[PDB]
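As a plain string of letters, each chain reads:
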Amino acid sequence: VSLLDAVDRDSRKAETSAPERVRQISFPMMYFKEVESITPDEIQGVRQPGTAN
Amino acid sequence: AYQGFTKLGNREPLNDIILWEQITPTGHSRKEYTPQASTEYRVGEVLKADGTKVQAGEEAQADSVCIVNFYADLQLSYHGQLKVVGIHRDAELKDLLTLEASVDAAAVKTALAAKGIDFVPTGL
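Per the deposition metadata, cryo-EM was the technique used to determine this entry, at a resolution of 3.37 Å.

Going by the annotation in the PDB entry, the name recorded for chain B is Head stabilization/decoration protein, with Escherichia phage JohannRWettstein given as the source organism.

Per the PDB entry, chain A is named Major capsid protein, and its organism is Escherichia phage JohannRWettstein.

Q: So what exactly am I meant to see when it comes to the side chain of B:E21 here?
A: Considering the arrangement of structural elements, one finds B:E21 in strand β1 (residues 18–21). Exposure remark for B:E21: the relative accessible area of 13% places this residue in the buried category.

Q: Please clarify how the packing of aromatic side chains should be interpreted in this entry.
A: The way to describe two aromatic rings as a pair is by their centre distance and the angle between their planes. This structure, assessed with the given rule, holds one aromatic pair over all chains. Sitting over the ring of B:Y41, B:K53 keeps its end group 5.7 Å from the ring centre.

Q: Where do I start with the pairing of strand β7 (residues 84–87) of chain B in this structure?
A: If a strand is regular, its side chains alternate between the two faces of the sheet. Residues and elements named next belong to chain B. Of the two faces of β7, the one holding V84 and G86 and the one holding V85 and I87 are both buried throughout. Alignment of strand β4 (residues 64–66) against β7, held across two bridges, turns out to be antiparallel. What sits directly across from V65, in β7, is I87.

Q: Sorry if this is basic, but what is going on with the sheet that holds strand β2 (residues 30–33) of chain B here?
A: Two strands in a sheet stick together by hydrogen bonds in their backbones, pointing the same way (parallel) or opposite ways (antiparallel). Residue and element names in this part refer to chain B. Here we have four strands laid out as an open sheet, ordered β2-β7-β4-β3, and antiparallel in their pairing. Whereas interior strands pair on both sides, the edge strands pair on one side only; in this sheet they are β2 and β3 (46–47). Here β2 runs beside β7; their pairing, made up of four bridges, is antiparallel. Paired with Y33 across the bridge in β7 is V84.

Q: Just checking my understanding: could you explain the interface of chain A and chain B for this structure?
A: Between chain A and chain B, the contact holds seven residues from the first and twelve residues from the second. Looking at the side of chain A that touches chain B residue by residue, the classes come out as one nonpolar, one polar and five charged.

Q: Can you help me understand the environment of B:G116 in this one?
A: Residues and elements named next belong to chain B. Note that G116 resides in the loop between α1 (105–113) and β9 (117–120). Overall, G116 belongs to the partly exposed group, its relative accessible area being 35%. As a C-alpha pair, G116 and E92 span 24 residues in sequence and 8.5 Å in three-dimensional space.

Parameters and conventions
Residues numbered from 1 in each chain as written, not as in the entry; some residues may be left out. Chains lettered and ligands numbered in written order. Part of a larger assembly, values for the part shown. Heavy atoms only, no water. Residues with missing side-chain atoms left out of burial classes, pairs and counts. Helix = DSSP H or I, 4+ residues; strand = E, 2+ residues; numbered from the N terminus. Buried < 20%, exposed > 50% of the residue type's maximum accessible area, 1.4 Å probe, protein only. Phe/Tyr/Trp six-rings, centres within 6.5 Å; stacked < 30°, edge-to-face > 60°. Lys NZ or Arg CZ within 6 Å of the ring centre and 35° of its normal. Pairing = 2+ DSSP bridges. Contact = heavy atoms within 4.5 Å. Nonpolar A, V, L, I, M, F, W, Y, C, P; charged D, E, K, R; others polar.

Have a look at this one:
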């Protein structure tokens, strides 16, 4: 919006405001994945670090 | 009085010569001129493109008819406006033109007619 400007009363002139604006946008997304597995080879004959037997 | 009589002057002409006009949100037939210094303006006078009154020998340069009373000393029009206003195209007006000395009315009327301005005969 702007400021009006004075006009002569007998001239009957006038001013007008401009229209508005509209637009659109879009977004992608991020994907994450993780993988793990357990095997018996990690259990057999493995001493617990905090103990002796 | 000293001479036996005293006169306080007549009333200035009122703006009533307009009979038809292109009524528009923005003034379609009305233009505004910057007043000339020390120049008195009265309804019915003919103005050139620069606001100076038409004089003999250049009736072909008539541009518009003044419809505002302007006072030079106040530098202000009646109703207190800062500019002069005149009809410059596409209107019908009463035949009450005010012309300077030796100005040919027919030439002025023909020149204005080219702009779509018509004058209605006025009775006594």
